[PDB]
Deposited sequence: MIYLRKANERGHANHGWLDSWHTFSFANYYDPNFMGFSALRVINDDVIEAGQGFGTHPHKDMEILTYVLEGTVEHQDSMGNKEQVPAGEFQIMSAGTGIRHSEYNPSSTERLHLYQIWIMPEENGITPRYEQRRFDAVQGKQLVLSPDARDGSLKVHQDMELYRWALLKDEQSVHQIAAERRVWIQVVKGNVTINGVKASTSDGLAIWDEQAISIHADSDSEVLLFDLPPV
């Protein structure tokens, strides 16, 4: 009751300025199996060569999360112009509609980030854009529906932890009722409920009463506790 999406079976789309790998269907990459997982609809693993970026485009009715891993990303709303450096997340629920344009401010540095898309619990909510700096050990709480423990709000019944584990560490994750979970291995090597997973792999667990996660090495993962069906 555990599916392993290996890194090299993500949809690949290199564009010259943007190399990108898609955990799910997205743009000119379509597979009916790899559609979505619960509310996780998009996990994109993007490298954006120095100086390049997406032009002025419009999102609507979607809670979008960016997690920057290397370099920096400038973000220009319409009216923001705040940056986001390596290590900080940045959300933006869109609801009624918005128009933004993201780019790589360095001319010497590649930008590498995760692009995450979670279907919000209702459309037409008010545009909003939080952006925090959420370490080296521990399971951080990045997204939650009430912004508890210093997390950010996400307009969906789901939490997102940035678990950072040291070699041979092992914690359990409570797992709720009919809930589902996605692990996205950021770096390293882990073992979840028997299933090994390395950098950029993703595992999708459901109909399971608990999650044992064994850091086969120092490794960071992203955990999506996601609601049922």
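**Student:** Which ranges of the deposited chain go unmodelled, in order along the sequence?
**Tutor:** Unobserved in coordinates, per deposited numbering: 79, 136.
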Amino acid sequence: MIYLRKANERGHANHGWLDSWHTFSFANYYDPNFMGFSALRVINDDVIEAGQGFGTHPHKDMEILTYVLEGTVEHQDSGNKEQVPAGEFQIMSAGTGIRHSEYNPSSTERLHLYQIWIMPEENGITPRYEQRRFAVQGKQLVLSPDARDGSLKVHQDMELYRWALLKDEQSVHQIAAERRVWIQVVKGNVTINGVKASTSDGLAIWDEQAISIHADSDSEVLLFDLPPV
From here on, numbers count along this sequence of modelled residues.
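**Student:** Of the options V47, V186, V190, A177, which has the highest CA B factor as deposited?
**Tutor:** Reading the PDB entry, the winner on C-alpha B-factor is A177.
**Student:** Lowest, middle or highest third: which one holds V229 when the chain's residues are ordered by CA B-factor from the entry?
**Tutor:** Highest third, going by the recorded CA B-factors of the chain.
**Student:** Sort the modelled residues of this chain by their C-alpha B factor and say whether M158 lands in the lowest, middle or highest third.
**Tutor:** It belongs to the middle third of the chain when residues are ordered by C-alpha B-factor.
**Student:** If you rank the chain by CA B-factor, which third does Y114 end up in: lowest, middle or highest?
**Tutor:** It belongs to the lowest third of the chain when residues are ordered by C-alpha B-factor.
**Student:** Check where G55 lands among this chain's C-alpha B-factors and tell me if it's the lowest, middle or highest third.
**Tutor:** It falls in the middle third of the chain.
**Student:** Using the B-factors in the PDB entry, rank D207's C-alpha atom against the chain and give the third, lowest, middle or highest.
**Tutor:** For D207, whose C-alpha B-factor we compare with every modelled residue in the chain, the answer is the highest third.
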